[PDB]
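Naming follows writing order (A, B, C, D, E, F, G, H and I), and every chain is counted from residue 1.
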């Protein structure tokens, strides 16, 4: 899940605020004109018009992304492993091994070798997603390819990296009359929907 | 009726003393009291709401106490700005009621009154009229009694009384009184001689004047 | 802040009397009180909460009373296990304040202690030190004072002392006092005769000693 | 924090009527009551009634019903409002008697908001004065007070001034146009048993300077914009002056 | 029922710090506060502070904040404990002075559970002594309480021991190796002006018994491990033993 | 308003039994309790016990 | 733990619905409803400070609210949060509340202040916790099995997640000014104040003490409390002090998200009976329950359905 | 009951006699508690959540509680083109109608 | 060690810029570091000393 960060809006009394750029993952910014905000005790501005409000916002990973996240993996071929029970002359005994057709395991001075199995089928497709106990075959969008409001609208190369890709189509909007807030419009988290 | 009372009609003390003013009601108001201070040339201001809660920005010095029928306002150590009138108020029923009020007064060492007297002047005397003044000046405490005693007799049927408070620098009171009649009635006497009875004086005092000089 | 108080700082009552331990708060508390007991040499335990409700484990001998500035604890009959320190606790305010402690004591007929005196030993005087000792046995009550009268000179202030609480034998008290001495002082002094003095005892009691013999 | 502001003080003939207007602003709270109280000078402090400016709903202490009406003005305030909030309120004092002469206070009452119960008076106006009498707007008798037959030196002796016989109480006075400040006591008011006021102003001195110093005093009054100035030297049956 | 237990008892040098610990266990309730309360050697009893040991939120009186740290250990994070519930608290006292000497109690508090009321204390632990003093461990002087001609035979009497200039109070002492009990006194303790301890012990007896019957004092000290079991015969300047 | 009515006076030997009775009517309230009290002329006034007649559920001193 | 509430203080902010469909500036204005815990707990950020009794002292029995120009106190007892019906509160610290709620389309939080006035704030918020496991259920059952989920842990000694504070902006107040004698008194009341005018005078300025400005009416003037010693969160509901802000250093926030197991019910056994090459099952759902099946072979075929009442399936 | 206006009280019928109680304990409730926005004489205004019944009630000076419970299908008509649940910070204004607060 | 920025001056990040009772002396001066030390690793050492470690008195 992403969070949207929206600092307190700057309001220029009696002039324009200059707009400026910043490099942040989905950054958007506007200057609105002809504002006249009231706070509880009075008008905030010294003159009835020619004031302006700067407003700015960007997306980030949530605080939760240490714990509530899902992993997109490519899956390559598989290390077959096996566990086996065998009975002889009242010796009921168990052995554990890889299926590589070598790696002989000895127990009670018997010795056992297993595999490989004739089948090379596996249920995992070339692309998978995992969440917790759940794992899915899905053709997830490649890194930097994800659209707004779908799985991968925000992506990170590792859980700890700061190189957030995000594509949320955030848009700021005109502040309402007499009021100091910062309204905006944005596709809701593509992760929360996928859950 | 819920009958209010404030026990000290006045409280006199020196700055740094504990002020403590006390209130009674004839039946339980059970909280629903408040306390105010009131200043000359102003409307009141709130000190305490409920039995014990300080009003907005009221500093620390004031505290409220009591329950049922009996209550008090305490000041921890009275500052020179706190000297004022003080009121309790009840709001246990639709007849919200204030107390009689109490004045809080700077206590100081005693000073006794000086007596003055004054004749009429030509503008009154041309206007058919005579006006005469009696003063007590600059004394503390203030509980004096005075009379005009003209030819020793009480003059009162034409004659008023007036007061001024503790001065903010000197901490003393004064009185002014006037006698006024037709200029022809003012000639009926020859010893205009006002008296004073006071607690700082050893015995009553008087000073004398004569019409025609 | 709030301050706590009792009428009896200590309470002399014989077993089978009725307790009425009584409490004041310096400010308008309104319920939010508790009563505790502490047995000597043990942790406290809760008896009463809010003002009048008793705890689950506590015998029906106890009950509370009062609401505002004033409170009480009644014990319907004193019992040998109930002789303890008692405390109030206040919690109408963040400053959770305990009320000083007060001790219930077995009231009894008075009796003078026998007095003994002891010198420092040969072991002590070869070790470069001294202390003469005054021992009072089985006094009732306990508010007495002691003095040493050494070489007929009145003295007491340089003494270190302790007392023992009401006796399991008969509710008397026993007292110890020791005089601060260097080796030379016990050899320089010639005669010792330490005394007990009190209001409830009818005269002083003493034992006397020419040194060493 | 918050403030209340109300009509200037007013003077009227008995048997007429008068309306006092109040305005309140700047508090965070929306739906408090506004209440009217009155005070005959230092003789008491009476709650009269109030309104809730949203509901009207005029409410009275029974002592004032028939002798007063209370109202408030609703306004084009939207459900959102988005300003500092404001209110307007009135007492119409009617069938006036001279005993109605008092200071009248508007005050904020939290009774509705505090669970529809009674409350204390939270914030107060400046207070404003109603004067009721039949008298005409007479400007004062302004004669100089004459110092008495002099007690001479070795102590302190009489000196002062007198003003009489005016309606509208707000006169003012000033010795040597403010060059004398300390030692002046001015006795604030007197009522002459029939509507007219009086005042006296006095200067306690050592006996050194009668018939000698230029002691002079201004008098000022509002009716006809009358203003006066006079010396206070001994003159009665004879004269002695600087 | 619930049991409160706190670890050990202590004596420490000025300027050092102390860390007491407490277990609460066996109660049916869960979000209760644990509070620390302290009792002087004969002076009053005080609230220091407390914690709600699930939240780790702490509260203090203004005298102890910044002297003290109160803290607790996470008991269990899973939505379970059908097992008996337990909670563990710790208190640190820092920059110790002699006048910080007291017995310290943990106690259970219902304040949060009872609608976030202020506290009243429901169960107490056994208490722990924290002692602040400069003195190191020292073994006693073990003198006989020397009798003399100060009454002679036939009277009432006592025979005794004087224990002096040791440290810590457990000089636990008795008579005749437990064979004597009636008419005894052993005093509590005396804090010597040197920052050490002394003690008086006696057995009351008929004066004919001294210097012929056997009476023995059992001085055992827990520090320095002394065991001075000995008889206390008459010697003041004279000589005597049975 | 409301009234309670009850059976006429009784005279009895020691060691016998009495079935005193009463009726209530005209109240707007449905779930009130009925309570019984007594006084001898040489005594004060005492509550004995009562019921809520819908439930039964008697309660006693 | 966290005495940083020494520097940082509560504030008023604009709130959309104060219990009567009016908007106003409110001491309880909601900032953000966090919603990551899969057990359905809410973490709510709000303009009050809860657990501090003014005088910067931690005390679990109180909260402090902004009262016009200065903080003031009230009880932790009378705070509430409510959705469609009353919620339980499971932890409270600083600007943050933990709550467990019944399902509903709006959230409101409120309290009663010391004067017995009550305040509340209301937001539209779609509270509907995602189902753990394969059955919808409404209270945890007496018997069941444990599954992994996530919860805001209750420890306030928190770490790693952080918030910011700024030197809070000038507070405009029309009642710093009073008009009399044809002049404006600026009353100041021991604050630091700024004033401005066009009233036939141009001489604006800062002040730390009261004065008159002459020959004017108060609507020809403007004023604010202009300087502060104590900080506020940089909420998007309060104006920034400068083009680049100030004091931008952090504070930690309580109640960290942590993985934990919780209990889910197990639907009762179906009555099953066997036909000619098929199974017949009655189902007995106490609450909406998922059925799924697959072939144990080289195609699964696979189907599923939620069921909500007794059914027979073949 | 003395025929004063008062705003803190209400009056009701106790058998043959009028009697008084506090406005402070009046309530109305559909499916969950409603806000009461203004009251005068026989008339109450309230803002109420969606529900199939309405109840109104109060507590007497005797501490007796009274209530009354009609069937009533409360489901407010939608304004504009979105079935929103509580008013937002940001939006447009549309014309609608309300009972004004005045008792005039 | 590691070094804080004050305005021109520097100090070790565990140590105070000003003491005793850093914030309680001078709020509008205690602003100076908290303006701009936000990017630095030492911020939570500086904050503990200035505002939380031992309620401006003794030891943690």
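What we mean here is this: a contact is a pair of C-beta atoms (placed from the backbone, for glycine too) under 8 Å apart; a residue touches a chain by one contact, two chains touch by 3 or more.
Copies chain D and chain E of the same sequence differ in orientation by 120 degrees, per CA superposition (steps of 5). Compare each chain's C-alpha centroid with the centroid of every protein C-alpha atom shown, and the nearest one belongs to G. Of the two interfaces, A-D and C-E, the higher number of touching C-beta pairs belongs to C-E. The geometric centre of chain A is 73 Å away from that of chain C, both derived from CA atoms. Taking each chain's centre as the average of its CA atoms, chain B and chain C sit 56 Å apart.
In this assembly, the C-alpha centroid of chain B lies 53 Å from the C-alpha centroid of chain H. In this assembly, the C-alpha centroid of chain B lies 58 Å from the C-alpha centroid of chain I. Residue numbers of chain D whose C-beta contacts span two or more other chains: 1, 26, 28, 79, 82, 84, 115, 118.
Listed for chain B are residues 49, 56-57, 94, each touching two or more other chains. In chain H, the positions touching at least two other chains are 4, 6, 8, 89.
The chain pairs satisfying the stated touch condition come to A-D, A-G, A-H, B-C, B-D, B-G, B-H, C-E, C-G, D-G, D-H, E-G, E-I, F-H, G-H, G-I.
Taken together, the chain G residues at the contact with chain E in this complex read 1, 51, 57-61, 75-77, 91, 93, 140, 153-157, 258, 260-263. Chain D contributes residues 1-3, 5, 25-30, 79-82, 84, 110, 113-115 to its touches with chain G in the complex. By the touch criterion given at the top, residues 32, 34, 43-46, 49, 55, 87, 89, 91-98, 100-101, 114, 116-124, 127, 129, 131, 133, 135, 137, 160-164, 174, 176, 178, 180, 207-213 of chain C touch chain E in their complex. Residues 1, 42, 44-47, 61, 105, 118-127, 141-149, 151, 156-158, 160, 162, 164, 185-192, 198, 200, 202, 204, 235-238 of chain D are the ones that touch chain B when the two sit in their complex. Note for the complex: chain G touches chain H at residues 14, 16-17, 19-21, 23, 84-85, 105-106, 122-124.
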